[PDB]
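>>> sequence-free structure coming up:
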């Protein structure tokens, strides 16, 4: 009953980028699929929409001609082709279904249109300090742009996990921390691994955290 | 020309009744609007659809406390017995049809604040620079602050009981999924500074009370 987007990332001004949206938990041609974005500092803005049978297609006057929407029914995926990208197109892009109202939304995906260079993070383990409960973590330092994903033990660990919102430093680079709070006795029985993924810089790292 | 205007912020006491206003144009006093709820780290959720005649169908997973009303050009979102987990940005939307062209305008969004929640002092975790980072000729201290309300803290860094402000970066407090707040603070150092002192401290001030963690080179 959820929606999932993909294709987001950093691109230079004038270039192209394709966004996808996989559907699940409901049928195919029962709803029109739309794309709604939110640029930093501004409110929500409708971008594009395509009918249930691809009969009618809509485009905001801001993306007239440059954007191309299309629908698939086999894999239940809708697509948004973004050409002639400008800096103003920088936003979180959501996909949403509609039969009168946008009743269900996807998690959203970030698209950055910029001349800025990508930078991959360094990943450092934050070791448990020498009872009852212990905190350990991973520092994810100096990267651009958002986002990075952090998980623990390949997703097998979510209990007690707190990934903190990034700080944007005066340098223009991001840095965040993820910490798990675990029982002290688990330090000797459990392996703790932080999985950090920064897609724009092709940086995928699994760092072991040990006392 | 189609305009949705709503207030930017609104504060309400805990357990009280709350009313949010969305105002359409005068040429569009007939239209049906929708309410959306935008919570951090989450997809915007559909709250309800509100027609001019007063009829309203709530969304899947929306409490009984949520109501809607139509008055002239105004559209209201009513919340009786407002709970902490109702802290969000409420955005109104409206649709129309000109030509074959599709039109959909979102309002600016209203940030709703729920006051009168129980006080909670922050939990503080302080991490030393890692061994690998020190190898890379870098040193950063990480002060993690969580589970506090209200969402306003002050962080002070000390090196051997003497304040440091030189290389400090601190986040804005942000809502956790348990309705309490979190924040983090980073102190950047050279390996030399880190070694030349006996200890560093992160001191967190919150509503007059203080929590401090200390960390030392080994």
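Sure, I can see it. Residues are numbered from 1 along each chain as shown, chains lettered A, B, ... in the order given.
>>> all contacts plus neighbour counts: C-alpha atoms, from now on.
Will do.
>>> what does chain B have sitting close to chain A?
Contact residues (C-alpha under 8 Å from any C-alpha of the partner chain) of chain B with chain A: B:34, B:42-46, B:49, B:59, B:101-109, B:125, B:127-130, B:132-133, B:169-171, B:174, B:182-184.
>>> buried members of these into PyMOL, please.
Filtering these down to the buried ones (16 or more other C-alpha atoms under 10 Å in any protein chain shown) takes a single PyMOL command:
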select buried, chain B and resi 34+43+44+45+46+49+59+102+103+104+105+106+107+108+109+125+127+128+129+130+133+169+170+171+174+182+183+184
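>>> list the ones among the residues of chain B next to chain A that fall in strands.
B:34, B:45-46, B:49, B:101-106, B:125, B:127, B:169-170, B:174, B:182-184 (DSSP state E).
>>> neighbours of residue A:180, how many?
The number of residues packed around residue A:180, counting by other C-alpha atoms under 10 Å in any protein chain shown, is 20.
>>> try the one 3 residues further on
Burial measure for residue A:183: 13 neighbouring residues, criterion other C-alpha under 10 Å.
>>> that one contacts residue A:136, correct?
No. Counting by C-alpha atoms under 8 Å, residue A:183 stays clear of residue A:136, with 10.8 Å between them.
>>> Three-state assignment for the residue lying farthest from the centre of chain A, please.
Residue farthest from the centre of chain A, counting by C-alpha atoms, centre = their mean, is residue A:131 at 36.5 Å. Here residue A:131 is recorded as coil under DSSP: H, G, I helix; E, B strand; the rest coil.
>>> skipping adjacent residues, who's closest to it in space?
Nearest residue to residue A:131 in three dimensions, chain neighbours excluded: residue A:184, at 5.8 Å (C-alpha to C-alpha, 6 or more residues apart in numbering or on different chains).
>>> in this structure residue B:156 contacts residue B:202, no?
Yes. Contact criterion C-alpha under 8 Å: residue B:156 and residue B:202 qualify, at 6.0 Å.
>>> got the domain boundaries for the chain?
As the question left the chain open, I've gone with chain A. According to curated CATH domains, chain A comprises the domains A:1-115, A:116-211.
>>> nope, chain B
Taking curated CATH domains as the reference, chain B has its domains at B:1-116, B:117-218.
>>> you'd agree residue B:85 is in a helix?
Yes. Counting by three-state DSSP, residue B:85 is part of a helix.
>>> what sits against it?
Listed by C-alpha atoms under 8 Å, 6 or more residues apart in numbering or on different chains, the contact set of residue B:85 reads residue B:179.
>>> please redo it, this time with the cut-off set to 10 Å
When contacts are counted by C-alpha atoms under 10 Å, 6 or more residues apart in numbering or on different chains, residue B:85 touches B:39, B:114, B:177, B:178, B:179, B:180.
>>> so the fourth one makes contact with residue B:147?
Yes. Under the contact definition of C-alpha atoms under 10 Å, residue B:178 touches residue B:147, with a separation of 8.3 Å.
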